[PDB]
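For reference, the chain that follows is the form solved without coenzyme A, supplied as structure tokens.
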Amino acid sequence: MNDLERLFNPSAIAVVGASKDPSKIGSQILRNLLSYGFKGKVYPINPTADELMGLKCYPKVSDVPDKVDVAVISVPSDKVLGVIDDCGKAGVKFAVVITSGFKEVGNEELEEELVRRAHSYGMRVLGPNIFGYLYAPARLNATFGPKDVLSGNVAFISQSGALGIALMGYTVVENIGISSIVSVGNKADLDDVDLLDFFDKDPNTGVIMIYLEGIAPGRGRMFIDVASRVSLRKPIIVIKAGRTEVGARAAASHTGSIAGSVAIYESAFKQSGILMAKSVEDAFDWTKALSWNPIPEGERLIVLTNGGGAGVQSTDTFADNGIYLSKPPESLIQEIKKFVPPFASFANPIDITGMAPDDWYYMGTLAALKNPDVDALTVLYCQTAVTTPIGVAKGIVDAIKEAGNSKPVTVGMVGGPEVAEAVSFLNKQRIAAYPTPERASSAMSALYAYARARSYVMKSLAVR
């Protein structure tokens, strides 16, 4: 009932609602399951079809000559209960109820009934009203969203359907590698706590991002207990929907609920070690940095820039996040004075001046990263005719390799189309790069915010 191993790694999946019509939801899901490359058995379920997409079809899950782990259900809402009973008889462990038309439209009784019946068979429910789920390590795409994601270590959980399925697509554009996408929708049964327990134990998942509108009554304490322990090893980013009083009342009506307290949700996230993102862009920017970098081991952050202006944008942005730069170590200053002009600034940011050619980025970045008194590095670049963006980017890459260590690095590059390409090159190398200095600084800030959140939790778990 509480172990989700067979949901994410099933041997057999039935798709209920697939048909000869390719426009049907069930049909789209079936298509994604096959194109993404699921290696287990897939059983299309359809009253009349003999075969769908080259697969033997059955009229009911109970007719399948096999143990079905998961049934993906997309039939009309007034047919769902029947399908649930059949799945129950057939011994199905997980009912992934795609179908909408439940509590979110006022039919609360139907939803409660759905869960009751599923539970009487020892079966758990995901949804209803969801777009499905994806698990990259099982080459399992049981959604009607995009057919593919970049492979990686980020798990994304979404209470929102349309925004969830769109963000599944946006991860590709933002170069975020995904281990899983889970649509939880109405959260009538399986919820965030259940999922965090699975992702805690999943070695494929290193970062968890959640779009969260609300938590069920009586579930919050357990949410804090689980999330806080997960946070000790894996960062959790929450995009809280309804994070203002106004928005909280708005989202209250969208799901048909009583409005949760903004202030208390915020304290719960603090006690859980969770980073709360106010926007998609912040959430994704932070998820990138957290996914591709270890947390800094101390507060010795260096900013390297070929322009004072970008450096001050960075300093102001770090400051907004409670991050204050201190004088670089003297050894680093000396190492850099070997090539830098007399009127470079070494206050931190280290300003290597606008005259800096590509190779100074290689040398500065390398010196910073090898220095034993440097914990983290943000590299800022402003495009000038003296440099090439791709050359600066390759210098940073080479430096990171030759330094050998893993210290957190973020990169901000400002300029034209050549910068856009250099930034894309870096992100495709899993070096967190952004097109403005403030975003690169906000991303680095997320690494420190997570280090501080983890410390909050460790302190709160101390034995007396």
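In this text, residue numbers run from 1 along the sequence as written.
Not on display, but discussed next: the form solved in complex with coenzyme A.
* **Every residue of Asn153, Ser179 and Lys288 near coenzyme A in the entry with it bound, heavy atom within 4.5 Å** => Judged in the entry with it bound, none of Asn153, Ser179 and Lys288 sits within 4.5 Å of coenzyme A.
* **Segment assignment from 21-29, 449-457, 6-14, 436-444: heavy atom within 4.5 Å of coenzyme A in the entry with it bound** => Every other range fails; the passing one is 21-29.
* Verify the contact flag for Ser74: yes if a non-hydrogen atom of it lies within 4.5 Å of a non-hydrogen atom of coenzyme A in the entry with it bound, no if not. => Yes.
* Asked: Does the 4.5 Å heavy atom contact test between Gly40 and coenzyme A in the entry with it bound come out positive?
  -> Output for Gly40 is no: heavy atoms all beyond 4.5 Å of coenzyme A.
* So in the entry with it bound, does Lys79 come within 4.5 Å of coenzyme A, heavy atom to heavy atom? -> Contact check for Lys79: yes, within 4.5 Å of coenzyme A in the entry with it bound.
* Asked: Heavy atoms within 4.5 Å of coenzyme A in the entry with it bound: does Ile130 have any?
  -> So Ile130 counts as contacting coenzyme A.
* Asked: Taking coenzyme A in the entry with it bound as the reference, which of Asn141, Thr387, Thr99, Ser314 has a non-hydrogen atom within 4.5 Å?
  -> Comparing distances to coenzyme A in the entry with it bound, the residue within 4.5 Å is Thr99.
* Pick from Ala118, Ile274, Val83, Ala393: which residue has any heavy atom within 4.5 angstroms of coenzyme A in the entry with it bound? -> It is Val83.
* **Residues in 160-184 close to coenzyme A in the entry with it bound, defined by a heavy atom within 4.5 Å, in order** => Contacts from 160-184: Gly161, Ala162.
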